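Input: a single structure, listed below in C-alpha cells.
2 protein chains.
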Amino acid sequence: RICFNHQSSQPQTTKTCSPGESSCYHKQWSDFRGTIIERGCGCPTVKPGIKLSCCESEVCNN
Amino acid sequence: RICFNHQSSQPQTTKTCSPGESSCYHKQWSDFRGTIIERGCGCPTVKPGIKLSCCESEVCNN
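Those sequence lines, one after another, are chains B and C. The numbering of the first sequence is the UniProt record's numbering, which starts it at 22 and goes up by one. The numbering of the second sequence is the UniProt record's numbering, which starts it at 22 and goes up by one.
Printed below as a string of C-alpha cells:
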C-alpha cells in the first residue's frame, strides 16, 4: 500500500507502507496557521475533536 | 452520529445512526454510467476494486 504523507497543502509526497498495512489516514485540526492536515500509513487513534478519515486503496488520503 | 446517505450528486440527505455508531462511510466505483458514490453509517466490508473511506466525525462522509 502507498499512501500520501505530505502535510496540509505542501507538494504531494508518498510513503510505501509496511507489508500488510492496508490503510491510509487523513487527520485534520486547526492551529494559528489555519487548517492543518496530517497524512500517512495506518489508522491512528485521535483525541476527540480531531477529524480522522481512514481509507483502503492506493493513495486515497489526499 | 449523523452521516450523509445520499448517492453521488443527489441532494444532500442524512441518516441518524444507531446509538454507539461512530463512523460514516464513503464507497466509490466506476461503471458504464459514471462514478457512483454510496454513503451511510458504519464502515462496511467491500469487494476488491471498490474504494472505501470511513470517518469518525459528524457528516464527515460527503
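All residues carry an ideal CB built from backbone N, CA and C; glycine is no exception.
Per the coordinates, the alpha-carbon of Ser29 (chain C) lies some 19 Å from the alpha-carbon of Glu79 (chain C). At least one CB of chain C lies nearer than 9 Å to the CB of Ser74 (chain B). Within the UniProt region "Loop II" (45 to 62) of chain B, the complete beta strand (DSSP E) segments of 3 residues or longer fall at 45 to 52 and 55 to 62, listed in chain order. Any Cβ of chain B closer than 9 Å to the Cβ of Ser30 (chain C) would place that residue at the interface, and such an atom is absent. In this structure, DSSP gives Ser74 (chain C) an extended state, which the three-state scheme calls strand. If you look at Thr37 (chain B), you'll find it in the beta strand (DSSP E) that goes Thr35 to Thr37. About 10 Å separates the beta carbon of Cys24 (chain B) from that of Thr34 (chain B), a gap too long to meet the 8 Å contact definition.
Here the segment 40 to 58 of chain B does not lie against the segment 48 to 60 of chain C, with fewer than 3 beta-carbon pairs under 8 Å apart.
DSSP places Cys24 (chain B) inside the beta strand (DSSP E), whose first and last residues are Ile23 to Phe25. Chain-ordered listing is empty here: chain B has no CB closer than 9 Å to the CB of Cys38 (chain C), the nearest sitting near 16 Å.
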